[PDB]
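Student: Contents of final.pdb (PDB, N, CA, C and O atoms) are given next:
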MODEL        1
ATOM      1  N   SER R   1     140.216  88.082  69.624
ATOM      2  CA  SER R   1     138.822  87.828  69.383
ATOM      3  C   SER R   1     138.014  88.585  70.427
ATOM      4  O   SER R   1     138.154  88.352  71.629
ATOM      5  N   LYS R   2     137.215  89.503  69.975
ATOM      6  CA  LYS R   2     136.428  90.336  70.839
ATOM      7  C   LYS R   2     135.021  90.401  70.326
ATOM      8  O   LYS R   2     134.757  90.018  69.178
ATOM      9  N   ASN R   3     134.126  90.852  71.163
ATOM     10  CA  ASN R   3     132.781  91.152  70.730
ATOM     11  C   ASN R   3     132.868  92.479  70.031
ATOM     12  O   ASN R   3     133.400  93.433  70.618
ATOM     13  N   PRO R   4     132.428  92.567  68.767
ATOM     14  CA  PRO R   4     132.565  93.785  67.972
ATOM     15  C   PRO R   4     131.903  94.992  68.606
ATOM     16  O   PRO R   4     130.677  95.093  68.681
ATOM     17  N   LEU R   5     132.729  95.888  69.085
ATOM     18  CA  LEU R   5     132.270  97.132  69.658
ATOM     19  C   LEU R   5     132.192  98.170  68.565
ATOM     20  O   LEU R   5     131.784  99.310  68.788
ATOM     21  N   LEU R   6     132.615  97.764  67.388
ATOM     22  CA  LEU R   6     132.587  98.589  66.218
ATOM     23  C   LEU R   6     131.185  98.555  65.639
ATOM     24  O   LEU R   6     130.761  97.533  65.081
ATOM     25  N   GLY R   7     130.456  99.619  65.827
ATOM     26  CA  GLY R   7     129.131  99.701  65.293
ATOM     27  C   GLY R   7     128.106 100.065  66.340
ATOM     28  O   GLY R   7     128.347  99.923  67.551
ATOM     29  N   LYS R   8     126.982 100.540  65.880
ATOM     30  CA  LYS R   8     125.877 100.907  66.733
ATOM     31  C   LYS R   8     124.991  99.682  66.950
ATOM     32  O   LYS R   8     124.585  99.017  65.988
ATOM     33  N   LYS R   9     124.717  99.357  68.184
ATOM     34  CA  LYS R   9     123.940  98.168  68.480
ATOM     35  C   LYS R   9     122.697  98.532  69.279
ATOM     36  O   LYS R   9     122.780  99.250  70.276
ATOM     37  N   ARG R  10     121.563  98.072  68.821
ATOM     38  CA  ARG R  10     120.312  98.232  69.537
ATOM     39  C   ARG R  10     119.949  96.896  70.126
ATOM     40  O   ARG R  10     119.939  95.886  69.408
ATOM     41  N   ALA R  11     119.657  96.855  71.388
ATOM     42  CA  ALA R  11     119.346  95.607  72.027
ATOM     43  C   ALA R  11     118.103  95.731  72.859
ATOM     44  O   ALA R  11     118.125  96.308  73.949
ATOM     45  N   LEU R  12     117.019  95.245  72.334
ATOM     46  CA  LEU R  12     115.778  95.226  73.044
ATOM     47  C   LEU R  12     115.830  94.056  74.012
ATOM     48  O   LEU R  12     115.791  92.888  73.606
ATOM     49  N   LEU R  13     115.980  94.365  75.262
ATOM     50  CA  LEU R  13     116.195  93.361  76.255
ATOM     51  C   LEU R  13     114.934  93.065  77.013
ATOM     52  O   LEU R  13     114.202  93.979  77.419
ATOM     53  N   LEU R  14     114.672  91.807  77.203
ATOM     54  CA  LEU R  14     113.546  91.390  77.977
ATOM     55  C   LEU R  14     113.986  91.306  79.421
ATOM     56  O   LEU R  14     114.488  90.279  79.885
ATOM     57  N   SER R  15     113.926  92.415  80.079
ATOM     58  CA  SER R  15     114.306  92.507  81.449
ATOM     59  C   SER R  15     113.275  93.321  82.201
ATOM     60  O   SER R  15     113.156  94.529  82.008
ATOM     61  N   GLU R  16     112.499  92.634  82.997
ATOM     62  CA  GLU R  16     111.447  93.222  83.779
ATOM     63  C   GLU R  16     112.120  93.905  84.991
ATOM     64  O   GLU R  16     112.740  93.231  85.818
ATOM     65  N   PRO R  17     112.023  95.247  85.100
ATOM     66  CA  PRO R  17     112.725  96.037  86.139
ATOM     67  C   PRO R  17     112.008  96.046  87.483
ATOM     68  O   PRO R  17     112.234  96.927  88.310
ATOM     69  N   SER R  18     111.168  95.060  87.682
ATOM     70  CA  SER R  18     110.351  94.927  88.856
ATOM     71  C   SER R  18     109.395  96.101  88.945
ATOM     72  O   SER R  18     109.407  96.888  89.878
ATOM     73  N   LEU R  19     108.599  96.217  87.932
ATOM     74  CA  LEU R  19     107.625  97.264  87.806
ATOM     75  C   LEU R  19     106.434  96.943  88.702
ATOM     76  O   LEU R  19     105.806  97.833  89.254
ATOM     77  N   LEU R  20     106.192  95.659  88.900
ATOM     78  CA  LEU R  20     105.074  95.170  89.721
ATOM     79  C   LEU R  20     105.139  95.686  91.169
ATOM     80  O   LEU R  20     104.119  95.903  91.813
ATOM     81  N   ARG R  21     106.329  95.915  91.663
ATOM     82  CA  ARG R  21     106.482  96.393  93.024
ATOM     83  C   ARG R  21     106.197  97.894  93.101
ATOM     84  O   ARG R  21     105.794  98.401  94.128
ATOM     85  N   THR R  22     106.400  98.579  92.011
ATOM     86  CA  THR R  22     106.115  99.988  91.932
ATOM     87  C   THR R  22     104.635 100.197  91.568
ATOM     88  O   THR R  22     104.008 101.171  91.964
ATOM     89  N   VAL R  23     104.088  99.237  90.854
ATOM     90  CA  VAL R  23     102.727  99.286  90.357
ATOM     91  C   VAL R  23     101.706  99.245  91.521
ATOM     92  O   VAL R  23     100.581  99.723  91.412
ATOM     93  N   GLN R  24     102.122  98.668  92.625
ATOM     94  CA  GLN R  24     101.288  98.595  93.818
ATOM     95  C   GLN R  24     101.427  99.892  94.652
ATOM     96  O   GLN R  24     100.710 100.104  95.631
ATOM     97  N   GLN R  25     102.362 100.751  94.246
ATOM     98  CA  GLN R  25     102.630 102.001  94.950
ATOM     99  C   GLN R  25     101.875 103.147  94.286
ATOM    100  O   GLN R  25     101.994 104.304  94.693
ATOM    101  N   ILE R  26     101.116 102.822  93.264
ATOM    102  CA  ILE R  26     100.375 103.815  92.510
ATOM    103  C   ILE R  26      99.173 104.303  93.323
ATOM    104  O   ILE R  26      98.434 103.492  93.891
ATOM    105  N   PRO R  27      98.981 105.624  93.431
ATOM    106  CA  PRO R  27      97.815 106.180  94.102
ATOM    107  C   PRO R  27      96.543 105.854  93.313
ATOM    108  O   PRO R  27      96.464 106.091  92.092
ATOM    109  N   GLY R  28      95.578 105.307  93.985
ATOM    110  CA  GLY R  28      94.354 104.935  93.340
ATOM    111  C   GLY R  28      94.150 103.447  93.389
ATOM    112  O   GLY R  28      93.025 102.966  93.322
ATOM    113  N   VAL R  29      95.236 102.713  93.519
ATOM    114  CA  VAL R  29      95.155 101.260  93.621
ATOM    115  C   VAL R  29      94.659 100.899  95.017
ATOM    116  O   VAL R  29      93.598 100.285  95.182
ATOM    117  N   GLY R  30      95.399 101.339  96.010
ATOM    118  CA  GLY R  30      95.014 101.119  97.365
ATOM    119  C   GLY R  30      95.555  99.837  97.945
ATOM    120  O   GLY R  30      95.066  98.759  97.644
ATOM    121  N   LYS R  31      96.532  99.957  98.822
ATOM    122  CA  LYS R  31      97.130  98.790  99.480
ATOM    123  C   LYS R  31      96.143  98.130 100.441
ATOM    124  O   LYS R  31      96.274  96.960 100.795
ATOM    125  N   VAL R  32      95.158  98.882 100.857
ATOM    126  CA  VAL R  32      94.134  98.376 101.740
ATOM    127  C   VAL R  32      93.082  97.639 100.923
ATOM    128  O   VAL R  32      92.482  96.664 101.371
ATOM    129  N   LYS R  33      92.906  98.084  99.706
ATOM    130  CA  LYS R  33      91.957  97.490  98.788
ATOM    131  C   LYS R  33      92.567  96.308  98.071
ATOM    132  O   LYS R  33      91.865  95.529  97.446
ATOM    133  N   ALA R  34      93.866  96.157  98.230
ATOM    134  CA  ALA R  34      94.630  95.091  97.596
ATOM    135  C   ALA R  34      94.034  93.683  97.832
ATOM    136  O   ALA R  34      93.774  93.004  96.876
ATOM    137  N   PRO R  35      93.773  93.226  99.103
ATOM    138  CA  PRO R  35      93.183  91.888  99.348
ATOM    139  C   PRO R  35      91.777  91.719  98.745
ATOM    140  O   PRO R  35      91.367  90.606  98.412
ATOM    141  N   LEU R  36      91.062  92.824  98.593
ATOM    142  CA  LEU R  36      89.736  92.812  98.018
ATOM    143  C   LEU R  36      89.850  92.679  96.511
ATOM    144  O   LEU R  36      89.158  91.891  95.880
ATOM    145  N   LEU R  37      90.740  93.444  95.948
ATOM    146  CA  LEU R  37      90.999  93.411  94.520
ATOM    147  C   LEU R  37      91.732  92.124  94.128
ATOM    148  O   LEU R  37      91.621  91.649  93.009
ATOM    149  N   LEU R  38      92.430  91.539  95.088
ATOM    150  CA  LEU R  38      93.164  90.277  94.920
ATOM    151  C   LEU R  38      92.185  89.112  94.702
ATOM    152  O   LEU R  38      92.577  88.002  94.340
ATOM    153  N   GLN R  39      90.917  89.374  94.937
ATOM    154  CA  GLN R  39      89.878  88.403  94.672
ATOM    155  C   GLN R  39      89.605  88.345  93.169
ATOM    156  O   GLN R  39      89.077  87.364  92.655
ATOM    157  N   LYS R  40      89.991  89.400  92.477
ATOM    158  CA  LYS R  40      89.831  89.499  91.046
ATOM    159  C   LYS R  40      91.157  89.315  90.341
ATOM    160  O   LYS R  40      91.244  88.652  89.310
ATOM    161  N   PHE R  41      92.177  89.914  90.877
ATOM    162  CA  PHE R  41      93.462  89.903  90.235
ATOM    163  C   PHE R  41      94.414  88.960  90.946
ATOM    164  O   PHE R  41      94.535  89.008  92.163
ATOM    165  N   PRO R  42      95.086  88.070  90.168
ATOM    166  CA  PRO R  42      95.972  87.029  90.704
ATOM    167  C   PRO R  42      97.056  87.566  91.637
ATOM    168  O   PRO R  42      97.336  86.972  92.682
ATOM    169  N   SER R  43      97.660  88.675  91.266
ATOM    170  CA  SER R  43      98.683  89.325  92.071
ATOM    171  C   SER R  43      98.763  90.780  91.644
ATOM    172  O   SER R  43      98.071  91.168  90.687
ATOM    173  N   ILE R  44      99.617  91.570  92.305
ATOM    174  CA  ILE R  44      99.719  93.007  92.042
ATOM    175  C   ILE R  44     100.102  93.344  90.595
ATOM    176  O   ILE R  44      99.715  94.389  90.082
ATOM    177  N   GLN R  45     100.820  92.447  89.939
ATOM    178  CA  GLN R  45     101.274  92.690  88.586
ATOM    179  C   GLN R  45     100.096  92.689  87.604
ATOM    180  O   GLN R  45     100.062  93.474  86.672
ATOM    181  N   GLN R  46      99.140  91.801  87.811
ATOM    182  CA  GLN R  46      97.934  91.768  86.980
ATOM    183  C   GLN R  46      97.001  92.847  87.476
ATOM    184  O   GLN R  46      96.285  93.431  86.718
ATOM    185  N   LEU R  47      97.044  93.070  88.770
ATOM    186  CA  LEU R  47      96.181  94.009  89.493
ATOM    187  C   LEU R  47      96.181  95.398  88.907
ATOM    188  O   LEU R  47      95.183  95.839  88.372
ATOM    189  N   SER R  48      97.277  96.070  89.004
ATOM    190  CA  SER R  48      97.340  97.431  88.527
ATOM    191  C   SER R  48      97.389  97.490  86.995
ATOM    192  O   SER R  48      96.980  98.469  86.389
ATOM    193  N   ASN R  49      97.870  96.414  86.380
ATOM    194  CA  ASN R  49      97.980  96.332  84.923
ATOM    195  C   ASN R  49      96.679  95.759  84.326
ATOM    196  O   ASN R  49      96.609  95.369  83.149
ATOM    197  N   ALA R  50      95.656  95.689  85.157
ATOM    198  CA  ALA R  50      94.337  95.314  84.727
ATOM    199  C   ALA R  50      93.768  96.355  83.781
ATOM    200  O   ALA R  50      94.219  97.517  83.750
ATOM    201  N   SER R  51      92.837  95.927  82.981
ATOM    202  CA  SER R  51      92.205  96.770  82.021
ATOM    203  C   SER R  51      91.437  97.895  82.731
ATOM    204  O   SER R  51      91.003  97.729  83.897
ATOM    205  N   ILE R  52      91.254  99.011  82.031
ATOM    206  CA  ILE R  52      90.557 100.193  82.557
ATOM    207  C   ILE R  52      89.204  99.814  83.121
ATOM    208  O   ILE R  52      88.827 100.284  84.174
ATOM    209  N   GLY R  53      88.520  98.913  82.439
ATOM    210  CA  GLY R  53      87.207  98.474  82.861
ATOM    211  C   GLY R  53      87.216  97.857  84.248
ATOM    212  O   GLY R  53      86.341  98.139  85.059
ATOM    213  N   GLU R  54      88.249  97.095  84.545
ATOM    214  CA  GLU R  54      88.342  96.385  85.814
ATOM    215  C   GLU R  54      88.752  97.341  86.906
ATOM    216  O   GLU R  54      88.266  97.274  88.034
ATOM    217  N   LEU R  55      89.641  98.236  86.559
ATOM    218  CA  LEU R  55      90.120  99.253  87.488
ATOM    219  C   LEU R  55      89.010 100.276  87.788
ATOM    220  O   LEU R  55      88.888 100.781  88.903
ATOM    221  N   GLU R  56      88.162 100.517  86.805
ATOM    222  CA  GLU R  56      87.063 101.481  86.919
ATOM    223  C   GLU R  56      86.047 100.967  87.924
ATOM    224  O   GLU R  56      85.427 101.731  88.649
ATOM    225  N   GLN R  57      85.971  99.654  88.008
ATOM    226  CA  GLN R  57      85.088  98.956  88.924
ATOM    227  C   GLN R  57      85.366  99.303  90.376
ATOM    228  O   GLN R  57      84.446  99.379  91.195
ATOM    229  N   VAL R  58      86.609  99.542  90.695
ATOM    230  CA  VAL R  58      86.981  99.769  92.068
ATOM    231  C   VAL R  58      87.231 101.226  92.389
ATOM    232  O   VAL R  58      87.138 101.643  93.545
ATOM    233  N   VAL R  59      87.611 101.968  91.409
ATOM    234  CA  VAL R  59      87.791 103.399  91.564
ATOM    235  C   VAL R  59      86.953 104.210  90.589
ATOM    236  O   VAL R  59      85.855 104.650  90.927
ATOM    237  N   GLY R  60      87.439 104.372  89.398
ATOM    238  CA  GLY R  60      86.775 105.159  88.421
ATOM    239  C   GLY R  60      87.539 105.091  87.150
ATOM    240  O   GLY R  60      88.684 104.637  87.160
ATOM    241  N   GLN R  61      86.947 105.554  86.083
ATOM    242  CA  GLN R  61      87.530 105.478  84.753
ATOM    243  C   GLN R  61      88.817 106.308  84.673
ATOM    244  O   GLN R  61      89.853 105.814  84.236
ATOM    245  N   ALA R  62      88.762 107.533  85.155
ATOM    246  CA  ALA R  62      89.901 108.438  85.079
ATOM    247  C   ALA R  62      91.003 108.011  86.037
ATOM    248  O   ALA R  62      92.192 108.167  85.744
ATOM    249  N   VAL R  63      90.607 107.430  87.163
ATOM    250  CA  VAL R  63      91.566 106.956  88.155
ATOM    251  C   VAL R  63      92.288 105.772  87.562
ATOM    252  O   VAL R  63      93.491 105.615  87.697
ATOM    253  N   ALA R  64      91.524 104.965  86.876
ATOM    254  CA  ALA R  64      92.042 103.792  86.183
ATOM    255  C   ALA R  64      93.069 104.221  85.149
ATOM    256  O   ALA R  64      94.135 103.633  85.037
ATOM    257  N   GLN R  65      92.742 105.281  84.433
ATOM    258  CA  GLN R  65      93.585 105.851  83.424
ATOM    259  C   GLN R  65      94.919 106.300  83.991
ATOM    260  O   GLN R  65      95.933 105.983  83.419
ATOM    261  N   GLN R  66      94.921 106.995  85.140
ATOM    262  CA  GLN R  66      96.194 107.470  85.717
ATOM    263  C   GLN R  66      97.066 106.297  86.168
ATOM    264  O   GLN R  66      98.292 106.350  86.070
ATOM    265  N   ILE R  67      96.422 105.247  86.654
ATOM    266  CA  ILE R  67      97.111 104.045  87.089
ATOM    267  C   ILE R  67      97.688 103.322  85.885
ATOM    268  O   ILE R  67      98.879 103.022  85.830
ATOM    269  N   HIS R  68      96.844 103.098  84.915
ATOM    270  CA  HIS R  68      97.191 102.345  83.744
ATOM    271  C   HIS R  68      98.219 103.121  82.897
ATOM    272  O   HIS R  68      99.148 102.536  82.329
ATOM    273  N   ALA R  69      98.075 104.436  82.849
ATOM    274  CA  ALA R  69      99.042 105.280  82.135
ATOM    275  C   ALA R  69     100.399 105.292  82.827
ATOM    276  O   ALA R  69     101.433 105.338  82.158
ATOM    277  N   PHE R  70     100.375 105.187  84.155
ATOM    278  CA  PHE R  70     101.566 105.286  85.007
ATOM    279  C   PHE R  70     102.656 104.305  84.597
ATOM    280  O   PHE R  70     103.791 104.687  84.391
ATOM    281  N   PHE R  71     102.307 103.049  84.478
ATOM    282  CA  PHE R  71     103.292 102.045  84.118
ATOM    283  C   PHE R  71     103.556 102.014  82.629
ATOM    284  O   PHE R  71     104.623 101.564  82.194
ATOM    285  N   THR R  72     102.590 102.481  81.846
ATOM    286  CA  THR R  72     102.768 102.527  80.414
ATOM    287  C   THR R  72     103.880 103.529  80.087
ATOM    288  O   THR R  72     104.847 103.213  79.367
ATOM    289  N   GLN R  73     103.746 104.716  80.629
ATOM    290  CA  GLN R  73     104.715 105.745  80.467
ATOM    291  C   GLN R  73     104.852 106.488  81.797
ATOM    292  O   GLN R  73     103.927 107.189  82.205
ATOM    293  N   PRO R  74     105.964 106.325  82.503
ATOM    294  CA  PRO R  74     106.204 107.036  83.744
ATOM    295  C   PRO R  74     107.279 108.131  83.633
ATOM    296  O   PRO R  74     108.089 108.160  82.683
ATOM    297  N   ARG R  75     107.274 109.013  84.598
ATOM    298  CA  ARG R  75     108.246 110.038  84.760
ATOM    299  C   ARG R  75     108.024 110.676  86.119
ATOM    300  O   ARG R  75     107.259 111.642  86.223
TER
ENDMDL
END
Represent the structure from my file as structure tokens, please.
Tutor:
Amino acid sequence: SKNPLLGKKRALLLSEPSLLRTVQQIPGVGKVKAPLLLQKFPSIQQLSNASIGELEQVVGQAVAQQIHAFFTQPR
């Protein structure tokens, strides 16, 4: 009795790779601005993953875009 290795298996796994720790390393967020932005955002995970509008408030629309795009699709 084995787990069937016969066949192609797709497994969408809910495994958060600790993106939140990398999300605070994004240029434009600002580790110094973190406690100030922490007044708006509960923690770094909501912080950098905040909507463009909220991120634009502290930096700019395009800066927000690079941050928000970063975790959406990185390389």
Student: So which residues touch residue R:54 within 10 Å, counting only C-alpha atoms, skipping near sequence neighbours fewer than 5 positions away, as a PyMOL selection string?
Tutor: chain R and resi 37+40-41+47-49+59-61+64
Student: So how many Å separate atom CA of residue R:67 and atom CA of residue R:26, to one decimal?
Tutor: 6.3 Å
Student: May I ask which of the residues R:57, R:62, R:12, R:21 is the closest one to residue R:45, counting only C-alpha atoms?
Tutor: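 Going through R:57, R:62, R:12, R:21 one by one, the smallest distance to residue R:45 is for R:21.
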Student: So how far away is atom CA of residue R:10 from atom CA of residue R:75, in Å?
Tutor: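 Going from atom CA of residue R:75 over to atom CA of residue R:10 covers 22.7 Å.
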Student: Once you count only N, CA, C and O atoms, which residues end up no further than 8 Å from (103.0, 102.8, 86.3) in the file's frame, shown as JSON, numbers by chain?
Tutor: {"R": [19, 22, 23, 24, 26, 48, 66, 67, 68, 69, 70, 71, 72, 73, 74, 75]}
Student: What separation in Å, quoted to one decimal, exists between atom CA of residue R:32 and atom CA of residue R:44?
Tutor: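 Value for the atom CA of residue R:32-atom CA of residue R:44 distance: 12.4 Å.
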Student: Please enclose the listed atoms of stretch 50-63 of chain R in an axis-aligned box, pad each side by 8 Å, and write out the centre and the three edge lengths in Å, rounded to one decimal, as lines of an AutoDock Vina configuration file.
Tutor:
center_x = 90.1
center_y = 101.9
center_z = 87.8
size_x = 27.2
size_y = 29.1
size_z = 27.5
Student: Assign secondary structure with DSSP using the backbone only, and return the residues of chain R in helix (DSSP H, G or I) as JSON, numbers by chain.
Tutor: {"R": [20, 21, 22, 23, 34, 35, 36, 37, 44, 45, 46, 47, 48, 52, 53, 54, 55, 56, 57, 58, 61, 62, 63, 64, 65, 66, 67, 68, 69, 70, 71, 72]}
